[PDB]
Amino acid sequence: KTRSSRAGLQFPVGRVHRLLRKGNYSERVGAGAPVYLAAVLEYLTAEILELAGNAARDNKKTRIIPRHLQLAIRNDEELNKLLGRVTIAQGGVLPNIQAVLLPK
Amino acid sequence: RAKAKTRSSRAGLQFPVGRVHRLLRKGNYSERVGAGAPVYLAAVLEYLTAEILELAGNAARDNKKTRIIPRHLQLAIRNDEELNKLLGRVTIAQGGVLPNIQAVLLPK
Amino acid sequence: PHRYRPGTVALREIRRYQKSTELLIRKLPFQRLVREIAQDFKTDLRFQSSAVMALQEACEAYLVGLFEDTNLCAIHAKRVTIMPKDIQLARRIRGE
Amino acid sequence: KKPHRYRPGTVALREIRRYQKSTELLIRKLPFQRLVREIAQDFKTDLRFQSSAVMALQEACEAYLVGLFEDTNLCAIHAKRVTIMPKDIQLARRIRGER
Amino acid sequence: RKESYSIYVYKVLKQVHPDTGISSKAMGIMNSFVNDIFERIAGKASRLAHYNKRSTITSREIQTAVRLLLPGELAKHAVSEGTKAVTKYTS
Amino acid sequence: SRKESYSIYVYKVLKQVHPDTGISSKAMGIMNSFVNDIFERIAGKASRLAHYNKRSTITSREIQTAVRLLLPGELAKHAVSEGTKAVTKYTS
Amino acid sequence: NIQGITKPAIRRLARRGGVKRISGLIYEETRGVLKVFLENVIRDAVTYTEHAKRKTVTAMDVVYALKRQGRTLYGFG
Amino acid sequence: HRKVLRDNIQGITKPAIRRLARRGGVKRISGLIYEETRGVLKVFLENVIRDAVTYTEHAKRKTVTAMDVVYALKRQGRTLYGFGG
DNA sequence: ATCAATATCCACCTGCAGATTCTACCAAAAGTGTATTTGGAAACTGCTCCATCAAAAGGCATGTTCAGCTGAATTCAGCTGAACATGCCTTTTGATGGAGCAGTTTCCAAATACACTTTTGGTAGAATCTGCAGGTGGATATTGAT
DNA sequence: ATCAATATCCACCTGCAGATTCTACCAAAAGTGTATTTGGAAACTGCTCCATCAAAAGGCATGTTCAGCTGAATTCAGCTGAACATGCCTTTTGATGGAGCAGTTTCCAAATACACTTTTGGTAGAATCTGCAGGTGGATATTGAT
Ligand SMILES: [Cl-]
Ligand SMILES: [Cl-]
Ligand SMILES: [Cl-]
Ligand SMILES: [Cl-]
Ligand SMILES: [Mn+2]
Ligand SMILES: [Mn+2]
Ligand SMILES: [Mn+2]
Ligand SMILES: [Mn+2]
Ligand SMILES: [Mn+2]
Ligand SMILES: [Mn+2]
Ligand SMILES: [Mn+2]
Ligand SMILES: [Mn+2]
Ligand SMILES: [Mn+2]
Ligand SMILES: [Mn+2]
């Protein structure tokens, strides 16, 4: 049985372990580090896909596209902060018109 | 046994090539390190140091001082377009700022 | 004949383009520019097409971001019209 | 026979020249130290500080504020004012990406 | 040849939205996302280990790295997930 | 209790460019900060470079490229010239 | 060739950026800005290209170049 | 053991803030700037100190060091010179 | 088209706190030899890209008209700067305990190393099924005449 | 704020091209069974520095008064920049070769790792050295009311 299934995870613990061992991060890598990291990565992925899935069906699409990811991310203050210097290709921007520019 | 010669004198440098090599080995930057890497790096570090000290020494003497203080380093860095770029997000403790009053604020 | 008042169509265009994600610059001139500039750094360069598209996604996101800030500067000064000085304040505070 | 009195702005400009020429910290040290300890105390009790850690915090904080005030000043001037206001600070921080 | 997080991102997608799919471009964004956060956390954990003269990145460096890099609620939530996973794994 | 620092080397360079000029301890501290900062910038960029190209070795080539990526303009050309010179002299 | 970035293109960029009204001087100003940005990025991209002893700028070269601009681009890995 | 610390943000006084603005080139100051400045400072300080202590705890230390602060400041995109060793 | 009142600039001075030089031990760099990894030259091979040619569509350049935004001019109330008195609390310098970094030493729990099998994820075609190109009608705004 | 008239936005529709999901083969990566080593934590303990308080002197924060000039509000029109029609040309889209890069594989000479032993550059602390902080006084640009 895989380490990922032992950890309750979908993300690959073994691959993460190898990527840490060979990324020139440290001389040694502890048994719990890739489990912990894979879990963090999985958690953030689920957070974004949950929100993007919601936008996708609020636009009546069965497939998540970059727009939906952009909408999900910029409408969430914490995701938007975590990804504040990231450009999502083909994501566009949030609909936002400054109130002073509206008529009347 | 042949008489020791430092890699630093061999490369014509003041900065410590052996030390730079050790620091490269123990920072886990790569699994192997080429013979020329620490030399090249020591030389770049040395050179940038010379540049900042040259300009800072100049400020020091434009202020009638024989000793560089943080202020001289700040004056040196911020009045030089490229150093100012390189060190754009750096705070020099006790550096102060450049004298700069916006023209609109001056009297009529 | 019918004629929309100045500003009405502008607003419509803002809603339209803020809802969409398509690239707003024409591909061929952008590509031409990229190759021209690339000439000054290295001779006989080739480009992957996706590299050109990466450059264009980045350029357009950069410009759109800059215009958002620029607009905030125009509005700060009680205008609705963006001006070069708005762009310049924006880039200065960004540290550009 | 009336006492001598500078016009508003003259002394302000003198103070700008004065503090832009100097490098001393502008916030009083002991009050700043109390602030740092109060805040840190709310994250973990009974912390100690190296003396230089407090001074590092005060250098970073004053550099940060003076930088923010430079940007703030540009915003005020942009709006044809000479007086900085909260909306100037807020625009600066928004364009800086702090907000 | 070339590896990616695609099948794992698709597995997560299926857990949270069983009937929802994802375009190729969106999957490319998700892969970029995972590599980015991996490098932030791994890099911060590495510098932390070095700052403390340790040669081993353990889950404690990962946890501390997460606290340094993630905002607020995301941080608490990620830490809880990581801790759970290590505890389940070690069982 | 033994602490290494770049102080003696910065002072040697100082005497080269301004033979009659000294330096305060606080200023020496700003210089030690500078050297360590740039060290980590260059070394890190070179590491990521080697990794991007699947090479296990950081050579002077990675150092040079990292330097070009990190430094602006004239500063970059000048640094590369100093480094290339030090390497050729060293290997001679 | 910079004039290939037309006035209506720039204007579309402004609209996506939320701008309602645009000074005539914006177009040249924008072109200058765009040029600087492109130069910087392309310069670093080619540095990566040269380092790899390649003649072909790749998407990843561009992605890495964009990090010097403190910009992270998703979608081209 | 020392007197409980309270309300110390008010130690960042009107004349201190005035001095900071002067070094930043400011000639004239709205009355509302002072409270705004305190708020902005408090946020910056909280964030930096928060991260510093995270380094301190990670090291199983009780004493915040200057380097803890230096590393903390990186999260703010700020590099602080002068406090190593 | 001045002066009086002030602030700022500029030598000049000396003592001592802070910087530099001297001293000598020893941590770490260097010399040497052996083991292991790697770079690149040569000879491949598909396959991306560049060049070129072509038609046509839709996006742009241009010219016209005018709505309404910007910047200038003007006015005034009250905010904020300047200055003064008062007295607090910061600064400075030093004491006194002792908390808690660091430096050592021991020794397992946890990590690496290695040989080999098992499982999996990447790839490219097949099979599925979503989106999108246009089209329509209703909801929703906008504009002008009153 | 009406109606009447007009333009545009937005679901909703179908048919089918093509973009995604499914499938199956297979190197490569993960797992596995054993063996072996080692990083760092625990338990010490020495001994820096940190917390806190003390006293005294004066630098500076605070609170007040008062008025200069700033920001805010207002008015108005010149001319900028929006909107729109027209018709041309640049881009887009599609087809076709073929040169030339990437990407590989083999395999040795060359580079680098790493242990051992030896030497010396770098450090810490002591001893010397000296810039410049303040201190004093006079010259000198500057300011604001006449
Ligand atoms: Cl672990
Ligand atoms: Cl090398
Ligand atoms: Cl302008
Ligand atoms: Cl305000
Ligand atoms: Mn508290
Ligand atoms: Mn020894
Ligand atoms: Mn499978
Ligand atoms: Mn349609
Ligand atoms: Mn073995
Ligand atoms: Mn050990
Ligand atoms: Mn005014
Ligand atoms: Mn008119
Ligand atoms: Mn010696
Ligand atoms: Mn003096």
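Proteins come first, then strands; the chains are lettered A, B, ... in the order of their sequence lines, and each starts at number 1.
- The side chain of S23(G) contributes an N or O atom lying less than 4.0 Å from OP1 or OP2 of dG81(J).
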Strictly under 3.5 Å: I want the nitrogen or oxygen pairs between protein and nucleotides 27-29 of chain I, one per line.
{"unit_1": "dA29(I)", "atom_1": "OP1", "unit_2": "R22(B)", "atom_2": "NH1", "d": "2.7"}

- Query: Tell me, for nucleotides 36-47 of chain I in 5' to 3' order, what letter each nucleotide earns: B for a base near a protein heavy atom under 4.0 Å, S for only sugar-phosphate near one, - for neither?
  - Reply: -SSS--------
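- Nearer the 5' end of DNA chain I, as judged by each residue's closest nucleotide, is the contact made by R46(C), out of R46(C) and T63(H).
- Ring geometry for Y9(F) against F15(B) counts as tilted: the plane angle lies between 30° and 60°, on a 0 to 90° scale.
- Ionic pairing of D20(F) and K15(F) is not present here: no N-O contact between side-chain nitrogen and carboxylate oxygen is shorter than 4.0 angstrom.
- Residues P34(A) and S59(E) are not in side-chain contact: their nearest non-hydrogen atoms beyond the backbone lie 4.5 Å or more apart.
- Along DNA chain I, the nucleotide nearest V11(D) and the nucleotide nearest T8(C) are compared for position; the residue whose nucleotide lies closer to the 5' end is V11(D).
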- Step-by-step side-chain hydrogen bond (donor to acceptor under 3.5 Å, both in side chains) determination, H76(C) to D86(C): CA-CA 10 Å; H76(C) 187 63; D86(C) 301 318; over 6 Å; no
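- Between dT20(I) and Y11(F), a contact under 4.0 Å exists linking OP1 or OP2 to a side-chain N or O.
- Salt-bridge formation is not detected for the pair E13(C)/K20(G): no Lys NZ or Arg NE/NH1/NH2 atom is positioned less than 4.0 Å from an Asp or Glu carboxylate oxygen.
- Here the CG-CD distance, from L24(C) to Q56(C), works out to 9.0 Å after rounding to the nearest 0.5 Å.
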- What string of B, S and - do you get for nucleotides 60-76 of chain I 5' to 3' if you count protein non-hydrogen atoms under 4.0 Å? SS---B-SSSSS-----
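- Which of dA82(J), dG31(I), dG122(J) sits closest to the side chain of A4(B) comes down to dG31(I).
- The side chain of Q48(C) places an N or O atom within less than 4.0 Å of a non-bridging phosphate oxygen (OP1 or OP2) of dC49(I).
- A cation-pi contact, defined as under 6.0 Å to the ring centre and within 45° of the axis, is absent between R18(H) and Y19(D).
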- Dot-bracket for DNA chain J: what is it, with Watson-Crick or G-U pairs under 3.5 Å, [ ] where a pair crosses earlier ones, and | for a pair to another strand? ....||||||||||||||||||||||||||||||||||||||||.||||||||||||||||||||||||||||||||||||||||||||||||||||||||||||||||||||||||||||||||||||||||||||.|||||||.
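- Here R54(G) does not reach the OP1 or OP2 of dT48(I): none of its side-chain N or O atoms lies under 4.0 Å away.
- Whole-Å rounding puts the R11(G) CZ to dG59(I) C1' distance at 15 Å.
- Figure legend: cation-pi geometry between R14(D) and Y6(D), with NZ or CZ positioned under 6.0 Å from the six-membered ring centre and within 45° of its axis.
- Two residues are said to be in side-chain contact when any heavy atoms from C-beta on lie closer than 4.5 Å; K29(D) and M55(D) meet this criterion.
- Under 4.0 angstrom from either OP1 or OP2 of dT90(I) there lies at least one side-chain N or O belonging to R34(D).
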Any N/O pairs under 3.5 Å between the protein and nucleotides 132-137 of chain I? List them or say none.
none

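- A 4.5 Å side-chain heavy-atom check between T58(G) and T49(G) finds every atom pair outside the cut-off.
- For the pair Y8(E) and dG121(I), the criterion of a side-chain N or O lying under 4.0 Å from OP1 or OP2 is met.
- With respect to the salt-bridge test (charged N to carboxylate O, under 4.0 angstrom), the residues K55(G) and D44(C) qualify.
- Listed pair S24(E) / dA19(J) fails the phosphate criterion, with no side-chain N or O lying under 4.0 Å from OP1 or OP2.
- Between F49(D) and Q33(D) there is no side-chain heavy-atom pair separated by less than 4.5 Å.
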Detail all sub-3.5 Å separations between protein N/O atoms and N/O atoms belonging to nucleotides 8-17 of chain I.
{"unit_1": "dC9(I)", "atom_1": "OP1", "unit_2": "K21(D)", "atom_2": "NZ", "d": "3.3"}

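- The furanose ring of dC44(I) falls on the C3'-endo (north) side of the pseudorotation cycle, as its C1'-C2'-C3'-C4' torsion is above zero.
- Contact annotation: the side chain of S30(H) approaches that of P86(D) to within less than 4.5 Å [non-hydrogen atoms, C-beta and beyond].
- For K2(D) and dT146(J), the shortest distance from a side-chain N or O to OP1 or OP2 is below 4.0 Å.
- Checked for salt-bridge contact, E57(H) and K44(D) miss the test: no charged N lies under 4.0 Å from a carboxylate O.
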